[PDB]
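All remarks here apply to the structure that follows.
The values are calculated or read from the model by the stated rules, or taken from the named source; none is laboratory data. With ideal geometry, Cβ positions are generated from the backbone for all residues, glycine too; neighbour counts draw on all protein chains shown.
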Amino acid sequence: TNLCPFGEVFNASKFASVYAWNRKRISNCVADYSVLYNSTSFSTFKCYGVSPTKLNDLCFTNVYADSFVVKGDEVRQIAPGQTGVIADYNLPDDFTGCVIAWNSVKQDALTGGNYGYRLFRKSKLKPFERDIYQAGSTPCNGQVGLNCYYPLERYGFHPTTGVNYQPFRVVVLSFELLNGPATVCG
Amino acid sequence: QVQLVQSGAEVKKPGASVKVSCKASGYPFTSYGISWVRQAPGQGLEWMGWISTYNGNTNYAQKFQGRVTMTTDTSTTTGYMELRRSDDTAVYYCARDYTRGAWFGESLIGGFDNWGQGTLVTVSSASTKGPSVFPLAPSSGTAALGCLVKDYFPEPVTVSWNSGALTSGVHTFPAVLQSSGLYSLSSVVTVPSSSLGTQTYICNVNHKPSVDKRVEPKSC
Amino acid sequence: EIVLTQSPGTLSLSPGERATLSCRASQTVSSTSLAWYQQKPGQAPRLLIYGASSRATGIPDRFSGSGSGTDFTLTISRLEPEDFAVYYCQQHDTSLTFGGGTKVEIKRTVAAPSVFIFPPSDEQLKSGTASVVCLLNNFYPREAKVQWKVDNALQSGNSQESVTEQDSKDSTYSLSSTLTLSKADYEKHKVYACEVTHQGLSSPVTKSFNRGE
Ligand SMILES: *[C@@H]1O[C@H](CO[C@@H]2O[C@@H](C)[C@@H](O)[C@@H](O)[C@@H]2O)[C@@H](O[C@@H]2O[C@H](CO)[C@@H](O)[C@H](O)[C@H]2NC(C)=O)[C@H](O)[C@H]1NC(C)=O
């Protein structure tokens, strides 16, 4: 037996930006899906495409674990078929997998302001893509000036803000089931 | 309820290396990493390195870059530690790591939990020698007498009075490293001044890797 | 590196008081990569807090940690008899660095020591090495002044003092200063004395013996 490293994915000290999330291929292991189901340390925990309770006794070829940080009210944009700043710029309607989001004020928001999303893009992001801005006729040559600006506003996170204005860490469980050999079930 | 058990105390000379085993039982051995911390006597904790039980990658401390070697066996759930001096005489601890991750290698939310008992490693060019017990006698309402253990190596020694009957007032002092190179230790006890003339006090000294001494009142 | 500086080095509070142990970093450590460790004397380190605020499984409620940025604090709300140990702070933001430690000592009313000096035995003198022992019995606090006077000459160096741990009976220490001298060097002087100055002594206590008497 060789347990899957879901502990170090959910318990990673520092995550990445929403525009630069880290896809994490997890395979060749055994996943105890009951840990995620019965932790109670998760603000939001929902999905479709697979039975959440009976997901334990099913295996797939590989497991993909997205990981990024968004605001409290922006957790709605991490669902299939959603419109928003994060959804359209930073999951397909046939997504089979679960999205797990929890509160991370004490770890991403500091008293002085850690300040460690993408606001502008000509084309909306196609599913499972990740992008790492001309707003007029003026073809700016690389100077962030008139009608041209940086496409990245840094997040502002402090413990003083409200529930939906606070940082949230999101892990998306993306199960793929290609015709290869499945290797991850408990 | 996981426990980590290390190897017994092993002493060396300032030559070759010492190796410490560390077997764990109670958690998936390949799910959590192992870390090592060194603590010299009378000092604090000094970190040594880190190892991954899944991939085998090692993150040694800056001091031991080129000296320490760490390996783990996936089968016996045992982690090994080898340091290729008298400056390194310390107690080597073995602990379960939750700060670097076993599979990937990223910093985690945690510390070190379920430490081992610590393997006592002493490096000195000395050799085993018996305790040179000498009695300290009282003279002119509480008296005092003791036994001086000198020129003995290595530690420890168990000292009791009247074969353990005298449990009050006995104070065994911590050993001190003599500048010559050997260990020295003392042990005293407080007794009433009226019982000096009608009682027998004898110290018991037990140096394991190698004595009764009467202490009569001094007259001169 | 990121250096963890703890202060004070030794803390003294009576059982029942509130303890506020602080850990200071030479840089800005992430609020997640900082752990507190408790080590009872003669035992293994025990994890108290991880993430600078989250306690390990089984750790009681009185151990609450806080802090952010460069200043961090571990607070023991109600000191207990088993809580008197040496505590450390450890950060893994940049490699790994421990702290110097912060020993938590039991505070007690000042106790006057009992001072005894033992001349080297006749058997020990026959071997060529003569060791004199100066003993302090049941004194608090730990601070004591030990000076060796041999024919009024203040001995420096060869004196070897050993301090016990705070006794579990009355929370009080003991001291043993060993003076190492050869057979011939012990024969060249007549008055051997160790001067002891403790807070509980109104005047410094000198216990002296004349060789051969
Ligand atoms: C993520 O970590 C939490 C807690 O992490 C700590 O470090 C772990 C290595 C372990 O020692 C825990 O006990 C520590 O509290 C994990 O949640 C714990 O899970 C155990 C069961 O394995 C349970 O007994 C504890 O009560 C839990 N503690 C808390 C605070 O929830 C969790 O399993 C880790 N992995 C994830 C979330 O995927």
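Quick notes on this one:
- Check on B:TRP36, of a type outside the set (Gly, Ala, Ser) and at the interface with another protein chain (Cβ under 9 Å from one of its Cβ atoms): no
- Breaking point among (1) closer than 22 Å to C:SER53 by Cα; (2) within 16 Å of the ligand (Cβ to nearest atom); (3) in a strand (DSSP E or B), for A:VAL69: (2)
- Boolean, A:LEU178 is in the same structural domain as A:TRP21 (by CATH) and part of a loop (DSSP other than H, G, I, E, B): yes
- Counted residues, segment A:8-20 - those being within 7 Å of chain B (Cβ to nearest Cβ) and outside any loop (DSSP other than H, G, I, E, B): 2
- Within the set C:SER54, C:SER30, the sole residue that is hydroxyl-bearing (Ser, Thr, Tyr), within 14 Å of chain B (Cβ to nearest Cβ) and away from the ligand (no atom under 16 Å from the Cβ) turns out to be C:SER30.
- The set of residues in segment B:7-33 being hydrophobic (A, V, I, L, M, F, W, C) and more than 16 Å from the ligand (Cβ to nearest atom) consists of B:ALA9, B:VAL11, B:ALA16, B:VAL18, B:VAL20, B:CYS22.
- Residue check for A:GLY49: more than 15 Å from the ligand (Cβ to nearest atom) and not acidic (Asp, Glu): yes
- Selection from segment C:82-101 of residues that are more than 7 Å from chain B (Cβ to nearest Cβ) and closer than 30 Å to C:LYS169 by Cβ: C:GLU82, C:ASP83, C:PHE84, C:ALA85, C:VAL86, C:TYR87
- Scan of segment B:1-50 for residues that are touching a helix residue (DSSP H, G or I) at 6+ places or on another chain (Cβ under 7 Å) and charged (D, E, K, R), ordered by number: none
- Verdict on A:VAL63 being within 16 Å of the ligand (Cβ to nearest atom) and surrounded by fewer than 16 Cβ atoms within 10 Å (Cβ to Cβ): no
- Residue in segment C:149-166 that is outside the structural domain of C:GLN43 (by CATH), loosely packed, with under 15 Cβ neighbours inside 10 Å and of a type in the set (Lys, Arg) present: no
- Out of B:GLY130, B:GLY110, B:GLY118, sole residue that is of a type outside the set (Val, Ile, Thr) and either within 16 Å of the ligand (Cβ to nearest atom) or under 17 Å from B:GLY56 (Cα atoms) (or both): B:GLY110
- Residues of segment C:163-213 classified as facing chain B (nearest Cβ under 9 Å) and in contact with an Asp or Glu (Cβ under 8 Å, 6 or more places away or on another chain), total: 4
- Within segment A:1-20, the only residue that satisfies the criterion of being crowded, with 21+ Cβ neighbours inside 10 Å and away from the ligand (no atom under 15 Å from the Cβ) is A:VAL18.
- C:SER114 vs. criteria within 16 Å of the ligand (Cβ to nearest atom) and either of a type in the set (S, T, N, Q) or outside the structural domain of C:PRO204 (by CATH) (or both): no
- Output for segment A:21-46, where each listed residue is part of a strand (DSSP E or B) and away from the ligand (no atom under 16 Å from the Cβ): A:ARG25, A:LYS46
- Comparison of C:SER95, C:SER77, C:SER64, C:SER127 shows that the only residue that is of a type in the set (S, T, N, Q), within 16 Å of the ligand (Cβ to nearest atom), more than 23 Å from the chain's Cα centre (by Cα) and surrounded by fewer than 22 Cβ atoms within 10 Å (Cβ to Cβ) is C:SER64.
- Residue in segment C:148-162 that is nearest to the chain's Cα centre (by Cα), counting only those that are part of a strand (DSSP E or B) and facing chain B (nearest Cβ under 10 Å): C:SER162
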